[PDB]
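Protein chains: 2
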Amino acid sequence: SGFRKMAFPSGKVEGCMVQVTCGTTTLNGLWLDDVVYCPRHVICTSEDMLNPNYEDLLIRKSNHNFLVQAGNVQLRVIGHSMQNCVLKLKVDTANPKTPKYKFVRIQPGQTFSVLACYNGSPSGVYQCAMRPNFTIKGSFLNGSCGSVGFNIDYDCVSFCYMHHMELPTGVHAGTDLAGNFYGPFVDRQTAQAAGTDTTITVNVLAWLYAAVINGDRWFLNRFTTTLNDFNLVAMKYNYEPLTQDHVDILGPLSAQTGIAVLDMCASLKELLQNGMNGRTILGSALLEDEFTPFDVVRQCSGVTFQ
Amino acid sequence: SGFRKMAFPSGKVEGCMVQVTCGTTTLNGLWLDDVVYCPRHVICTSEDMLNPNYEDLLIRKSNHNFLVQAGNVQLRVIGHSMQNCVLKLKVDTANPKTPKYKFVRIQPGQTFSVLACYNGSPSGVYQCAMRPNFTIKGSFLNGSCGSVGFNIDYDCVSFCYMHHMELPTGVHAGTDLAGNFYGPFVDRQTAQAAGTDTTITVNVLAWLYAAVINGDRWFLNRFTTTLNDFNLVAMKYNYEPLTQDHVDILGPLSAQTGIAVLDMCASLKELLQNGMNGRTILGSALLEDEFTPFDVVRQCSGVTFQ
Ligand SMILES: *[C@H](O)[C@H](C[C@@H]1CCNC1=O)NC(=O)[C@H](CC1CCCCC1)NC(=O)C1(NC(=O)OCc2ccccc2)CC1
Ligand SMILES: *[C@H](O)[C@H](C[C@@H]1CCNC1=O)NC(=O)[C@H](CC1CCCCC1)NC(=O)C1(NC(=O)OCc2ccccc2)CC1
C-alpha cells in the first residue's frame with residue numbers, strides 16, 4: 001500500500017538527451033535515430049526575441065552553426081529543418097540508445113513525467129499534468145528548454161511535451177514534439193498570460209478512489225447525486241464538468257472499490273461544500289487532481305515496463 | 001521557477017535491477033559487478049515466517065535453488081552469503097551496466113529516490129524521506145521487495161535503502177544495502193509497529209526558503225525568535241528539535257534570500273500557532289518536510305548529474 005506522486009523510470013529518455021548550442025544560446029535536444037529535436041527559439045538572439053521571423057532566421061543559418069554535444073562527443077549536423085516551433089537537426093550518427101517511441105499530443109487533464117535537463121544532462125524527474133488552461137506547473141530554470149515530458153507503455157516511450165518558456169505566473173508553456181504549442185501561446189516575447197485554470201474533476205475522483213483503495217474512507221457518505229446536480233456544484237467551485245465518458249473511465253475503480261461513481265461524486269460534493277475540517281487524504285490537505293484514473297490503477301496494481 | 005517533489009534520474013539504477021526467485025517467492029535483486037543483492041527473507045517459506053533461523057535456512061540451500069533473471073537472460077549463481085538481513089548471490093557474469101556506486105547508511109530526515117520494481121522490471125520513481133521513526137512512507141505492493149532507494153552525486157549512485165516489508169500502519173521498513181534495518185524492525189513475522197513520528201523541522205524550514213525563492217512570502221513576519229524559544233514551540237507541535245548544526249546547514253539558503261534562519265523560525269512559529277488560514281505554500285495546504293536544504297539548493301540552482 002501507499003500512494004505517491006510517481007514518475008516513469010527515466011532511463012530510456014536519459015539516453016536521448018543532448019546539448020544544442022547556437023550562438024549565445026544553449027539548451028537541450030532530443031536525439032532519436034539520426035535527428036535531434038529542439039525548440040526553434042535556439043536560433044534567436046537577445047535582439048530577435050520581440051517579434052522573430054524564424055523562417056528568415058533559419059535560412060541565414062549554416063549546419064556548422066549548430067553545435068550538438070552528446071556527452072563528450074560532438075555530433076556533426078548535416079541538415080536542418082523547421083516543423084512548427086521545433087527545429088530538427090539531422091546528424092550523421094543514429095543514436096544507438098534510441099528506444100521504441102511515439103510522438104503524441106495529449107489532452108488537458110492527462111499526466112506525464114518530465115525529465116528536467118541542463119546542458120544535455122538530466123537533473124531530475126517529476127510528474128506533471130497538462131492543466132485545463134494548457135500550462136504545466138513545472139520546475140524549470142534558464143537552460144531547461146528542450147527538456148521533454150513523456151509516458152511509457154510497456155516498452156514504448158510516448159513523448160508528449162517539450163519545454164519552451166515560463167509565463168509571468170511562474171507556470172510553463174511548451175509544445176508537442178511536432179512543435180505545436182499547447183494552448184494559445186507563441187514563441188515570441190509579447191504579452192501572454194495563462195488565463196483562468198480549473199480543477200480536473202475526473203482526476204480528483206480517481207484520487208479519492210486511490211484513497212479508498214489505501215484505507216482512507218472518512219470522506220464517504222451514504223448519499224448519491226445525479227450527474228447534472230453534481231456539475232451544478234462543480235461549476236460553482238471552478239471544477240471541470242464531469243462527462244459520461246469520465247464516468248465510464250472511472251468504471252474499473254468503481255468496480256474494485258464497490259463505490260458507484262455517482263456516489264463518489266456525492267462525497268466530492270460534500271468535500272467542496274464543507275472542506276476537510278482539518279483532515280487529510282493520502283497525506284494532502286487539498287483535493288489532488290494530477291492523478292488520472294489510469295495512474296491510480298497503474299500504481300495500485302503494480303504495472304511494470306520494459 | 002516552480003518547485004516539485006523531484007526524484008533523481010533512475011537510469012543508472014534501472015540497469016541494475018534483476019529478478020530473484022527461490023521456491024515460491026519472487027522479488028527484486030540489485031546486480032552490481034558479479035553480485036546480486038536481495039532481501040534474505042527470499043529464502044523463507046510460507047511456514048518459516050513466524051520465527052526463522054536464516055543461518056539454518058541458508059545452509060540448506062544450493063546455488064541452483066536461486067533463479068536470477070536479468071531480463072530474458074538467466075544468470076548462474078556460483079556462490080551465496082548472508083550479510084545481516086541481505087543475501088549476496090555471486091553470479092558468473094559482471095553487470096556491464098554497473099555504475100560508479102557507494103553503499104551509504106543515511107540519517108533520519110535525509111531524502112532519497114525509490115525505484116519501485118516488480119519481477120526485476122521498474123514500475124516508477126518517487127522521492128521519499130527517512131522518517132524520524134525510521135519508516136518510509138512509500139508505495140509498495142507484493143513483489144516490490146528488493147527495490148532500492150538511492151541518491152546521485154554527479155556520476156556516483158549512493159544506494160541507501162532496500163525494501164523488505166510493510167508495517168500495520170501502511171508505512172514501510174527496510175535495510176541499508178549492507179542489510180542493517182533502519183529502526184528497531186526485524187525480518188520476522190511478529191508484533192512490530194512504527195512508533196510515534198515527528199516532523200522534520202530543518203526540512204520544513206528549507207521548504208519555506210524554497211517558497212521565498214519562488215515568490216511566496218505571505219508567511220514572513222518582522223519578528224525573530226531564539227533557538228531555545230523556538231524549540232519550546234516545536235516540542236509542543238511534535239516537531240524535531242532544531243540544532244545549531246541545522247541552523248548552519250540552512251546558512252546558504254539564508255544568505256540567498258536575505259532572511260536570517262532565526263527569522264524563518266519565527267515565521268514557522270506563527271504558522272504552527274495560527275495555521276495557514278486557508279492559504280497554500282508551494283501548492284500545499286500542509287507544512288512539507290520531505291525536502292532537505294540540499295534538495296532545495298539542487299532544484300533551485302539546476303544541479304545536473306552524469
Ligand atoms: C529556455 O531554457 C528558457 C526556460 C525558461 C527560463 C526561466 N524558466 C523557464 O522555463 N526559456 C526562455 O528563457 C524563454 C526564451 C524566449 C521564448 C520566446 C521566444 C524568445 C525566447 N523566455 C522565457 O521563458 C520568458 N517569457 C516569455 O517569453 O513569455 C511571455 C512574457 C514574459 C514576460 C512578460 C510578459 C510576457 C521569461 C522570458
Ligand atoms: C516483499 O515484496 C513484500 C513487500 C510488502 C508486501 C505488501 N507491501 C509491502 O511492502 N514483503 C512482504 O510481504 C513481507 C514478507 C515477510 C517479511 C518478514 C520476514 C518474513 C517475510 N511481509 C510484510 O510486508 C508484512 N508484515 C510484517 O512482517 O510486519 C509485522 C506485522 C505485520 C502484520 C501484523 C503485525 C505485525 C505484511 C506481512
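From first to last, the protein sequence lines are chains A and A'. A prime marks a further copy of an entry chain. First residue of the first sequence? That's 1 in the deposited numbering, and the numbers climb one at a time after it. First residue of the second sequence? That's 1 in the deposited numbering, and the numbers climb one at a time after it. Just so it is clear, CB atoms sit at the ideal spot from N, CA and C, and this is done for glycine as well.
When every heavy atom of ligand 2 is checked, does at least one fall within less than 7 Å of the C-beta of A':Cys-145?
Checking every heavy atom of ligand 2 against the Cβ of A':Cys-145, one is found closer than 7 Å.
Should A:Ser-1 be counted as a contact of ligand 2 given a C-beta to heavy atom distance under 7 Å?
A:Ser-1 Cβ: within cutoff of ligand 2.
Let me check one thing: in DSSP terms, what residues is A':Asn-28 bridge-paired to?
DSSP lists A':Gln-19 as the bridge partner or partners of A':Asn-28.
So with Cβ pairs under 8 Å, would you call A:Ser-123 a contact of chain A'?
Closer than 8 Å: yes.
So, using beta-carbon positions, are A:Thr-198 and A:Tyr-239 closer together than 8 Å?
Contact: yes.
Measure the C-alpha to C-alpha separation of A':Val-86 and A:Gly-143 and round it to an integer number of angstroms.
Cα to Cα, the separation comes out at about 42 Å.
Within-8 Å CB hit, A:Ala-285 to chain A'
So, interface residue.
Measuring only the C-alpha atoms, how far is A:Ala-178 from A':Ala-234?
About 52 Å.
Which residue marks the beginning of the beta strand (DSSP E) containing A:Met-165, and which one marks its end?
First-last of the beta strand (DSSP E) with A:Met-165: 156–166.
Could you tell me whether any non-hydrogen atom of ligand 1 is closer than 7 Å to the CB of A':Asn-228?
Distances taken from the Cβ of A':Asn-228 to the heavy atoms of ligand 1 include none shorter than 7 Å.
Is the shortest distance between the beta-carbon of A:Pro-39 and the beta-carbons of chain A' less than 8 Å?
No, because no Cβ of chain A' sits closer than 8 Å to the Cβ of A:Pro-39.
Examine ligand 2 and report whether any of its heavy atoms sits within less than 7 Å of the Cβ of residue 329 of chain A'.
The structure shown does not extend to residue 329 of chain A', since chain A' is modelled only from 1 to 306, so the question has no answer here.
Measuring only the C-alpha atoms, how far is A:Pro-122 from A:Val-68?
Their backbone Cα atoms lie some 16 Å apart in a straight line.
With distances taken from CA atoms, which of A:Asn-84, A:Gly-120, A:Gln-83, A:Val-91 is nearest A:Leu-75?
Closest option to A:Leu-75, Cα to Cα, is A:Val-91.
Verify the contact flag: A:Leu-167, CB atom, against every heavy atom of ligand 1, threshold strictly below 7 Å.
For ligand 1, a non-hydrogen atom lies closer than 7 Å to the CB of A:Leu-167.
Near-chain A residues of the stretch 260–285 of chain A' (beta-carbon distance less than 8 Å), N- to C-terminal order
Under the 8 Å Cβ criterion, the stretch 260–285 of chain A' contributes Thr-280, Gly-283, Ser-284, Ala-285.
Outcome for A':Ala-193 when other beta-carbon atoms lying within 10 angstroms are tallied against a minimum of 16
That one is exposed.
What residue range does the beta strand (DSSP E) around A':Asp-216 cover?
Run containing A':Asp-216: none; DSSP gives neither H nor E here.
Got a sec? Which residues, its chain only, sit under 6 Å from A':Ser-81 by beta carbon, not counting five neighbours each side?
Taken in chain order, the residues that qualify are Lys-88.
Identified DSSP bridge partners for A':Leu-58:
DSSP lists no bridge partner for A':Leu-58.
To the nearest angstrom, how far is the alpha carbon of A:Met-264 from that of A:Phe-219?
Those two C-alpha atoms are separated by around 9 Å.
What residue from A:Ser-158, A:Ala-211, A:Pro-96 has the CA that sits closest to A:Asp-289's CA?
It is A:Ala-211.
Assign A:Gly-174 to one of two classes, buried (16 or more other C-beta atoms within 10 Å of its C-beta) or exposed (fewer than that).
Classification for A:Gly-174: buried.
Could you please give me the residues that DSSP links to A:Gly-174 through a beta bridge?
The partner list for A:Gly-174 (beta bridge, DSSP) reads A:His-163.
May I have the straight-line CA-CA distance separating A':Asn-72 from A:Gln-306, to the nearest angstrom?
If you take the alpha carbons of A':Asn-72 and A:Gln-306, they lie about 11 Å apart.
Please classify A:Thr-198: does DSSP put it in a helix, a strand, or coil?
When secondary structure is reduced to three states using DSSP, A:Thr-198 falls in the coil class, being assigned neither helix nor strand.
Simplified DSSP assignment, three categories, for A':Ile-106:
Of the three classes helix, strand and coil, the one that applies to A':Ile-106 here is coil, per DSSP.
Helix, strand or coil for A:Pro-252? Go by DSSP, reduced to three states.
It is helical.
State the DSSP-derived secondary structure class of A':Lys-90, mapped to helix, strand or coil.
Reduced to three states, the DSSP call for A':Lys-90 is strand.
Quick check on A:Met-6 - is its C-beta less than 8 Å from some C-beta in chain A'?
Cβ-Cβ to chain A' under 8 Å: yes for A:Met-6.
Looking at the C-beta of A:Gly-138, does it have a partner C-beta in chain A' at a distance below 8 Å?
Closer than 8 Å to some Cβ of chain A', the Cβ of A:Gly-138 qualifies, so yes.
Counting only Cβ pairs nearer than 7 Å, list the residues of chain A close to A':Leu-141.
Correct list: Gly-302.
Can you tell me whether A':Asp-245 is helix, strand or coil according to DSSP?
In the three-state reduction of the DSSP assignment, A':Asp-245 falls in the helix class.
Hey, could you find the ends of the beta strand (DSSP E) A:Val-125 is sitting in?
Per DSSP, A:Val-125 belongs to the beta strand (DSSP E) from 121–129.
Beta-carbon proximity check, A':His-163 vs A':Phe-185, cutoff 8 Å:
No; because the gap between Cβ atoms is not below 8 Å, this pair is not in contact.
Just checking A:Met-17 against ligand 3 - is the residue's beta carbon closer than 7 Å to any of the ligand's heavy atoms?
Within the structure as shown, ligand 3 is missing, the only ligands being ligand 1 and ligand 2.
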